[PDB]
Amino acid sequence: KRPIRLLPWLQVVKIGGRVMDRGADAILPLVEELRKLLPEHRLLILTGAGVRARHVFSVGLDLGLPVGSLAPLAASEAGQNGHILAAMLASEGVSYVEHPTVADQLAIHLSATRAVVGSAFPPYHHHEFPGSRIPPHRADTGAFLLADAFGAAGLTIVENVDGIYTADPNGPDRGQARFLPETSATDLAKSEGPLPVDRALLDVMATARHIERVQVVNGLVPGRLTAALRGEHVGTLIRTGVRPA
């Protein structure tokens, strides 16, 4: 049947890069909430790229670079957010860990300390899929691939919005945006407009082995990450299609 769970007690939390882009006004409340969560969970904290990835895309695309070149350039920005977040949690014993370390030595590190910080981008690098000039396997996709491969207890996506809407709640179609309390990966995959998560996340969710639901919560509201890590419904729940017994 299904493969085994490597780290079934692990909680994975993905921090959106645009949340980090807001500076200390957003980072300091989130840091204080993460400190109080350390005694309650074993945390793998993964950071996204944010606006700086858009700038290196703009320069790289203007230079004509392929998608296999842009993918690790954007990944680098997710790592800088990780070093920033880890530095703020260093007094609690948290450090940033590298992708080879996350792949092979995560069990020892979570035995030494309550949480580690890593990059959410996957190491696809020059082997990124063709088709689009924008790298598809980004921070959301990498965070779920890792959490599902580990068989983690859950994955929570921390955004700068309450969840997924029927339209961009910050774009030109703001007035017609209806909030979605719960949806599925296959429902979102058959839609057309933009989303706050990678569309490649929906594809890996269809073939998921363990993670049954992923919640998208607003990290700009203190407490929602705490509630989400306890299974409370405070954002958008995304059903992956995995059935439990």
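Note that residue numbering begins at 1 and tracks the sequence as displayed.
Inset, instruction - Could you settle it for me: does 39-47 or 188-196 have the higher average Cα B factor in the PDB entry? - result: On average, C-alpha B-factors are higher across 188-196.
Legend entry - Mean C-alpha B-factor comparison - 197-205 and 175-183, higher one: Result: 175-183.
Inset, instruction - Tell me, please, which of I84, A167, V117, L106 has the highest C-alpha B factor according to the deposited entry? - result: When the deposited C-alpha B-factors of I84, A167, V117, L106 are compared, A167 is largest.
Legend entry - Peak C-alpha temperature factor (PDB record), options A90, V161, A139, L73: The record points to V161.
Legend entry - Third of the chain's Cα B-factor distribution that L6 belongs to, per the entry: Its C-alpha B-factor, which the entry lists for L6, ranks in the middle third among residues of this chain.
Legend entry - For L30, the third of its chain into which the C-alpha B factor falls: Top third by C-alpha B-factor.
Inset, instruction - Grab the CA temperature factor for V102 from the record and place it in the lowest, middle or highest third of its chain. - result: Its C-alpha B-factor belongs to the highest third of this chain's values.
Inset, instruction - Classify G79 as lowest, middle or highest third according to the C-alpha B-factor given in the PDB entry, relative to its own chain. - result: According to the entry, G79 has a C-alpha B-factor in the chain's lowest third.
Legend entry - Position of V234 among the chain's modelled residues by C-alpha B-factor, lowest, middle or highest third: Tercile = highest for this residue's CA B-factor.
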